[PDB]
Structures are given as C-alpha cells and as structure tokens.
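Quick note, the sequence shown lines up with residues 108 to 285, 303 to 349 if you use the deposited numbering.
In this text, a Cβ means the ideal position worked out from N, Cα and C, and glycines have one as well.
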Amino acid sequence: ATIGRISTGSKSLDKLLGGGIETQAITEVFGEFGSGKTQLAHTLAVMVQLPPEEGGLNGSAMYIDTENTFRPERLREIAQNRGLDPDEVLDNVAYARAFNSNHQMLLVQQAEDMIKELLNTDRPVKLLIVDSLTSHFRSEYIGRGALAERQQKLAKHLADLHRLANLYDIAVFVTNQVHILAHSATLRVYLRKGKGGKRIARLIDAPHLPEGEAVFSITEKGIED
Ligand SMILES: O=C(O)c1ccc2cc[nH]c2c1
Ligand SMILES: [Ca+2]
Ligand code: NA
Ligand code: NA
C-alpha cells in the first residue's frame, strides 16, 4: 500500500525526511527539552488533518502524553494561524495521558479500537503520537539488570506501534529525551538548537537517505522554515 507523507510545516525538514513523516513507519525525534520535538508533535497533529495538496492526509490524530507536554491552546493557535478552525482541529486530536508504562501499553490497545472504528470514514486516524515514549520505562525499570528488561519492554511496545502503523497505514511519531542502547524506530532524527532561534535536524543511522541537515523555526504556525 502507498506510503503517505505528512508535512512538518517546514520545507527544509520535509526535504530531509524525503517529503514528510511517513505512514507505515515509526519516526523518532530526540533532543533536549526545547529542541523542537514537542512543537513538531503539536504541528503534525494539525498538519495531518489537511488535504494532501496542503501536506496532510485528511486524517485525525491521537496523542499519548507521558509528561504533561500536551497544550490544547498551542494546537488551537497553530490551527488558527494556518487558516483552520481551532476548535474543529482540537476535536480531531484524541488526547490521553499515560499514567505509567503499563497504562501506556493499554492505551496503544485502546488506540487500535479507535483506528478500526474510523478506518473507512472520511477522516481516518492517520497519526499516533507518543511524546517522551521512554520516560515511564526509564523511571520504572532501573537498577541492576534493568537494562535487559527495559529494552525488552520497549521493544515490545515499539513492535505494537509498528503493527498499528503497518496494518492501518498510519504514521507513528515518537519523541524522546537525549549511546550504546538499541533502538527500533524506522527513522531517527536528532534535533538541537542553532543560531538565530533556529532548530537543526539531522538523520541518525540512515544511509538510505541523502546527507544534510535541515533548519527550521518555531512560530505561531508551529513549525516552518
Ligand atoms: O479516547 C480514546 O478512546 C483514546 C484511546 C487511546 C488513545 C491513545 C491516544 N489517545 C487516545 C484516545
Ligand atoms: Ca519542543
Ligand atoms: Na513499517
Ligand atoms: Na471531527
């Protein structure tokens, strides 16, 4: 099935990504607080709702929040400044707070129910966000021998997410805080602050995509060049 692409709002970042964030894939962005990872998540939650000639998939979004990073008024602002109705856009983002890593897993199962429900409607789910995906796992699995268990649990969680992406043709977008641990996202993107208030993006361990870095801004429209 054809891979769909969601624009990030930034022409530069979209180019680095080969056109945007892909369905049937997990894209992981990681970086320090304020690197743009959460701003990008919010922007994508709006962009996915647009028609394809505007960089979206005529879809809705789901947002799993682990560290209280979700800001409804930020979504409304991004929407308003892109010519969209802020309340309608907010209503197309299904929010859930994950209380711990086990609840986080249950939420992914519940997400499947909604995805199935909307799959053949005029606005299917096309984006599932997990912000700070590892935070609960790092808090809960800690100490001697915790590495193996934590990595196994994360691998299973990521396998569940890969299944949703592939089975239902959705983009999964996950964020993490910032070197020898394994990772199983399809594509990993490192974000960092640059000069002039810009953020800089670099693909990590992606020999299949061309060499370069993207530059973008955080504005009233979310993310743009
Ligand atoms: O409202 C819901 O049914 C629901 C279930 C799971 C998730 C995961 C992110 N948002 C959700 C909403
Ligand atoms: Ca951010
Ligand atoms: Na895939
Ligand atoms: Na709606």
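With respect to the 7 angstroms criterion, residue 349 and residue 167 are not classified as neighbours on the basis of their beta carbons. No heavy atom of ligand 2 is found nearer than 6 angstroms to the CB of residue 217.
Residue burial is scored here from C-beta neighbours: residue 259 has fewer than 16 other C-beta atoms within 10 angstroms and is therefore classed as exposed.
When DSSP states are grouped into helix, strand and coil, residue 283 belongs to the strand group.
Judged by DSSP secondary structure, residue 263 falls within the alpha helix (DSSP H) whose first and last residues are 253-275. Under a 10 Å Cβ-count criterion, residue 209 is classified as exposed, with fewer than 16 other Cβ atoms of the shown protein chains found around its own Cβ.
Between residue 313 and residue 330, the alpha-carbon positions lie close to 9 angstroms from each other. The beta carbons of residue 155 and residue 282 sit no closer together than 7 angstroms.
With the rule of 3 Cβ pairs closer than 8 angstroms, the segment 229-248 counts as touching the segment 173-191.
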